[PDB]
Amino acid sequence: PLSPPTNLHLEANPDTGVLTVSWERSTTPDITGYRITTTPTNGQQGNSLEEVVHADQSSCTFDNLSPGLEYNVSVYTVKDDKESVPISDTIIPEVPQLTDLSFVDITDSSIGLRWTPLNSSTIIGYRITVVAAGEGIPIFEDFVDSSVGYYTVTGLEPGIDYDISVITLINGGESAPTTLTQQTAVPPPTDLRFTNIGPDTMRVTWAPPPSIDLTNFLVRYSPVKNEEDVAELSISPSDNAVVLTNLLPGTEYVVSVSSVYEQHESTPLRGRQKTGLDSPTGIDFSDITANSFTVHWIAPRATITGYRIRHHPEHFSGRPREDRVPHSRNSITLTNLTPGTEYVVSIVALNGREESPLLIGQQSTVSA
C-alpha cells in the first residue's frame, strides 16, 4: 500500500490563466514519480488532462483551464507498476474582472469610460450596463471588442445618479460586474450673445439648457486688464438676458454665465466684449465773429484716435461741412461762415472706424 501525497494545494492565477498544483511528497521510499489529472466535475467521461512528473517534483502547472468551470484535480503516487490512492480537490478558476474602471469626461449628459483590456484569449468582449439609479430602468446595454478600453456613455439627464458597470465576457460565461456611481454635471448655458452696446452698458444673452427645475443663473464680469474686480448677479430662472450697467467706456470685459442647481454650479459659458466709446462732453464757443467762431470740447474717457466735427446752419442739416481733428486737440476754429446765422455743431469721438454718440451744440455768428 503506497502512501498518497498530502496537503494538496490548488492555485488558479486569474492574471496568467495558469493553475499551479502543489503537494507534499509521499512518505514511501522508492517511487517513480507523480501523476496529476485535471477533469471537469460534471462527468469524467469527456476530456481530461494528465501531467506526469519525476519523484523529486512536488508541483506542476496546467495553463489551459476554462475560467468559470469547476475541476477535480487528483494526484497519484507512482511506484513503477503501481499507484497510490489519490489526493483530490476541486477548484473553480475565476473569470477575470476589470479592477481599474475609471470615470473621465464627465459633462451634463456624457460619461467617458476608462479601463485597460485583458490580453487573455478566452475573452470575446465586454458588456457595458448603464442603470439610472434615479427612476429609469437598465436602459442601456452595449457590447464591445476584446481590444477596447475606451467607451463613451451619452444622452443622460443632469439630475440623476448613474450606475455604470463593465462585465468581462467569455464563451458561455461572464465575470462579476465592476460598477461605479456618478451624477452628471449641472448643464451650462450655451451661445453667448452681446447686444445693445453702449459706452457704459451692454445686454448679455444666453440659451438656457432644456427644461429644468432651475434655481437661478449666476453672472460674473470683469475687465480683461483687471481680472481681479469681479461683480456678480443673480438672474431669475425664466430670464435669459441681463443688461449690465455702470461699465467703463472703451473697455474689453470678460463675462461668464453659470447655471445653478442643487447648490452645484454649471461650467461657465464665457466670452469677451468691449464697450463703446463715450462722447466728448462740455461743448463751448468763443471769439464769435460774423464769419467765424471757435469751438471747444472735453475729451471722452475712452482711448480715441481723433474726432469728427460737423457744422451746418440750424434747420438746414442736409449738407454739413466736415473737419477731422486728432485726439491731441480739443478745439477748432470754424471759418467761412454766414453772418447772423445760427449754427449746429456736432462732435464725435473716433477710434479708427468706431464712433461715439454725438455731442451737439449751437452757436450764432454775429451780424455783419
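Heads up: residue numbers just count along the shown sequence, starting at 1.
Comparing 34-42 with 321-329, the stretch with the higher mean C-alpha B-factor in the PDB entry is 34-42. Of the two segments, 126-134 and 82-90, the one listed with the higher mean B-factor is 126-134 (C-alpha atoms only). By the numbers in the PDB entry, the CA B factor is greatest at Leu214 among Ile167, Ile288, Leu214, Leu192. Comparing C-alpha B-factors across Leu277, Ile197, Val75, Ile160 in the deposited entry, the largest value falls on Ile160. Per the deposited record, the Cα B-factor of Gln183 falls in the highest third when ranked against the other modelled residues of its chain. Compared with the other modelled residues of the chain, the Cα B-factor recorded for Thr251 ranks in the highest third. In this PDB entry, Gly112 carries a Cα temperature factor that places it within the middle third of its chain's modelled residues. Sort the chain's modelled residues by C-alpha temperature factor and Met202 lands in the middle third, per the entry. Sort the modelled residues of the chain by CA B factor and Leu156 lands in the middle third.
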